[PDB]
Each structure stands twice: as C-alpha cells, then as structure tokens.
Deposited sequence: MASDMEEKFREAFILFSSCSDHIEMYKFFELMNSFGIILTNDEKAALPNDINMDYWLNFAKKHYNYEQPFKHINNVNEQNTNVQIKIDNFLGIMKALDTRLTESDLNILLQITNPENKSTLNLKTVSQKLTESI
C-alpha cells in the first residue's frame, strides 16, 4: 500500500507558506525533497501556476516508492567521499544550507568521525527522516 499523500500535502504547504499555489522555484525544491528530478524539457512543460492538486498528482507519478533517494545512491548498480571534499562540493554548487544544517547532516549520516562519507548511508538516513 504505502500511501504518501499526507506527506506530499504537508511538504507542499511547507514550501508554499501554506498557500494552495507554489512558485516554480519553490516547486523544484519541493519535488527535490522527495528525490524527484526533472530534465530541462520536463521542467518547461510544467504549468506556470502549480497548485496543490497538480503536485499531489505529479508526486504520485514521479516519486520512487521503492528507492526514494535513488539519485543520491542507486542500489541497482555495482560509494564514498571525503568529508571536506563533500562539503566543498556543496559550497561549489551554491547550497542554501547554512553551516549548522551541514553539521546536522554530517552527524546524522556519519555518527563516527570517519574521514569519509557513505552516500548509500545518506540515502538510508534521509529515507527514514521523511
């Protein structure tokens, strides 16, 4: 079964500030927080004024129920990165995450002080914290 509508709905209003419409930039964040990635051409074909019901229908169709965070780490393939390297990549790609948010991530996904972060463990921890 595994119905996701109550979580899809709460996330929408979290990114839309409780309005039934969400701006396009905020919509990209919303869908990304469920592992959903669109191409540029798919992005172009979206409505310009995305409302709750559109998202609830889009999420049902695009969300990966078996592997929510497949784009962090794909189980259907045959992964690790040094911490300061991983942080550097976040900063290079200009992340909205403050210095504290990064620290919660790092102790969540990596409890020890290993010099190196398992991307499969990140997708594991984030699937739990949905």
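Comparing the deposited sequence with the modelled residues, the stretches lacking C-alpha coordinates are 1, 80 to 82.
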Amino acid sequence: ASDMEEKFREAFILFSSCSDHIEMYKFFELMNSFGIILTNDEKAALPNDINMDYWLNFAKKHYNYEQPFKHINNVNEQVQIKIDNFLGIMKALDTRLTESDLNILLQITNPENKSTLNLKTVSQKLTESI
From here on, numbers count along this sequence of modelled residues.
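Annotation for 103 to 111 versus 7 to 15: the higher mean temperature factor (C-alpha) is found in 103 to 111.
Per the PDB record, of the two stretches 54 to 62 and 89 to 97, 89 to 97 carries the greater mean B-factor over its C-alpha atoms. Across the options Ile37, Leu30, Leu46, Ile83, the residue with the most elevated CA B-factor in the record is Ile83.
When the modelled residues of the chain are ordered by C-alpha B-factor, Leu117 sits in the highest third.
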